[PDB]
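# Structure at a glance
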Amino acid sequence: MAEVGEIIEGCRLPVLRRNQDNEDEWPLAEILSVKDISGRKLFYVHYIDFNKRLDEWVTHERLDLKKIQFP
């Protein structure tokens, strides 16, 4: 399928969050920013219909690249 380097700001896709019970959920999220300074890619995401206070920086292993929407 699609690849990590194709991810850009505005993309929407499922991202792994741990919920208040410590369980894995993959809510849809929007890519706000892509940072490539560490040598690896870091993604700042907004979980859709969640408060802005729950926005997170995540790595590629938490992206579901099999179900992407591009802007």
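Residues numbered from 1 in each chain as written, not as in the entry; some residues may be left out. Heavy atoms only, no water. Residues with missing side-chain atoms left out of burial classes, pairs and counts.

### Some points on the nonpolar core
One finds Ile7, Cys11, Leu13, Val15, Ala29, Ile31, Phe43, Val45, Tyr47, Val58, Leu63 and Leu65 forming the largest nonpolar core, which totals 12 residues. With residues near it in sequence (within four places) discarded, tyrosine 47 still touches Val15, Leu16, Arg17, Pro27, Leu28, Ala29, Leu54, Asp55, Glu56, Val58 and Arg62. (Core = buried A, V, L, I, M, F, W, Y, C linked by side-chain atoms within 4.5 Å. Buried < 20%, exposed > 50% of the residue type's maximum accessible area, 1.4 Å probe, protein only. Contact = heavy atoms within 4.5 Å.)

### Concerning the packing of aromatic side chains
Geometrically, a pair of aromatic rings is defined through the distance of the ring centres and the angle of the planes. With the rule as written, the count across this model stands at 2 aromatic pairs. Relative to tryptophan 57, the ring of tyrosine 44 has its centre 4.9 Å away and its plane inclined at 35 degrees; by these criteria the two rings are tilted. Of the two residues, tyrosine 44 sits in strand β5 (residues 42–47) while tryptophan 57 sits in strand β6 (residues 56–58), which places them 13 residues apart along the sequence. Classification of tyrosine 44 by relative accessible area gives partly exposed; the value is 26%. A cation over an aromatic ring shows up here: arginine 17 above the ring of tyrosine 47, its NZ or CZ 6.0 Å from the ring centre. (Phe/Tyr/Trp six-rings, centres within 6.5 Å; stacked < 30°, edge-to-face > 60°. Helix = DSSP H or I, 4+ residues; strand = E, 2+ residues; numbered from the N terminus. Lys NZ or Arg CZ within 6 Å of the ring centre and 35° of its normal.)

### Concerning the pattern of salt bridges
In this structure the tally under the stated criterion is 4 salt bridges. Among the ionic pairs, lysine 67 bridges to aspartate 64, the shortest N-O distance being 2.9 Å. (Salt bridge = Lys/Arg side-chain N within 4 Å of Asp/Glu carboxyl O.)

### Remarks on the pairing of β5
Strand residues, when the strand is regular, have side chains that alternate between the two faces of the sheet. Only one face of β5 is buried: it carries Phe43, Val45 and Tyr47, and the other face, with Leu42, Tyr44 and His46, is open. With 6 bridges joining them, strand β4 (residues 28–35) and β5 adopt antiparallel strand pairing. Bridge pairing links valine 34 to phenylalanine 43 in β5. Joining the antiparallel neighbours β4 and β5 is a turn of 6 residues, in which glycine 39 adopts a positive phi near 105 degrees. Looking at chain direction, β5 and β6 are connected through 3 bridges and run antiparallel. Residue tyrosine 44 lies in a different strand from β6, and its bridge partner there is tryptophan 57. (Pairing = 2+ DSSP bridges.)

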